[PDB]
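A short worksheet on the structure shown next.
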Amino acid sequence: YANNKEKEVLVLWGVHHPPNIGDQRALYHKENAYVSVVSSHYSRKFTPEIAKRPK
Amino acid sequence: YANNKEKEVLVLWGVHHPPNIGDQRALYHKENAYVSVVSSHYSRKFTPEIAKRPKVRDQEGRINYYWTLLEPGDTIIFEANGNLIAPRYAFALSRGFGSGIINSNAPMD
């Protein structure tokens, strides 16, 4: 997405961490996934962290 | 570990970085390793970094010490295939008035 609004644009996204490996395979079909968000002044790589967090 | 104390718990751990690859293989048997620490509001992933750092305290390898504050009714999860200095004692504390550290050598009465 290229900004052409003559204003700063707030962009919100998310990264999903399934509770078990089964959910990860069922949803995204990859053992390990990556999410890369790149801009001129923001850059970050995210990897799913599968854990059995409290409900 | 799940926190069932109704008081925030201070958890301390460490990640070990051997000076040479031979030490890594001898101690942990894996060429590369990972340490994942996951909580509700804290999450981090550590990778050993082998380097021949200056010899201080008669040692060249290093240990990086990390800490976190678990809220009541929260869970911390440690996973590792090597290079983990696991916690042994935690600290259930409640914070009080904002104070500081006095650097002095004076009698205490």
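Note that each Cβ is placed from the backbone with ideal geometry, even for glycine, and that neighbours are counted across all protein chains shown. Only the coordinates and a few stated rules stand behind these numbers; no lab work does.
The alpha carbon convex hull volume per residue for chain A rounds to 120 Å³. Using a ≥ b ≥ c from the Cα gyration tensor of chain B (square roots of the eigenvalues), is it rounded, prolate or oblate, where a/c under 1.5 gives rounded and otherwise the larger of a/b and b/c decides, a/b for prolate? Since a/c reaches 1.5 but b/c is at least a/b, the shape of chain B is classed as oblate.
Ordering B:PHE46, B:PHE97, B:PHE91, A:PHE46 from the fewest to the most neighbouring beta carbons within 10 Å gives B:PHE97, B:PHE91, A:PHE46, B:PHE46.
Note on A:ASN3 and A:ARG53: the model spin-label points, each 7 Å out from Cα along the C-beta direction, lie 2.8 nm apart.
Taking other Cβ atoms within 10 Å as a rough exposure proxy, B:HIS29, A:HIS17, A:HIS41 sort from fewest to most as A:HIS41, B:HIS29, A:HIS17.
Could you identify which residue out of B:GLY98, B:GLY14, B:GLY61 has the top mean-square fluctuation in a GNM of chain B using Cα springs shorter than 10 Å? For chain B, modelled as a Gaussian network with Cα springs under 10 Å, the answer is B:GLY98. Across peptide A:45-52, the mean count of Cβ atoms from other chains lying within 10 Å of each residue's own Cβ comes to 3. Once you reduce chain A and the range B:26-88 to the center of their Cα atoms, the two points are 24 Å from each other. Label positions at A:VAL37 and A:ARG25, each projected 7 Å from the Cα along the C-beta direction, are separated by 3.0 nm.
For n ≥ 4 DSSP H runs only, could you compute -39500 (n - 2.57) per run for chain B, divide by its residues and tell me the 222 nm figure to the nearest 500? Could you put the intermediate results ahead of the total?
Values: 1 runs with 8 residues, N = 109.
-2000 deg cm²/dmol, from helical runs alone.
Computed on chain A, with alpha-carbon pairs under 8 angstrom and 6+ residues apart, the relative contact order is 35 percent.
Among the listed pairs A:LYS45/B:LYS30; A:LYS45/B:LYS5; A:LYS45/B:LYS55; A:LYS30/B:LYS5, which are separated by more than 28 Å between their Cα atoms? Too far apart for the 28 Å limit: A:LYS45/B:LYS5; A:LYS45/B:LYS55; A:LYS30/B:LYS5.
Taking label points 7 Å from Cα along the Cα-to-Cβ direction, B:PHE97 and B:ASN64 give a separation of 3.8 nm. About the centre of its Cα atoms, chain B shows a dipole size close to 300 debye [charges on the beta carbon of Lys, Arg (+1) and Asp, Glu (-1) only; nearest 20 debye].
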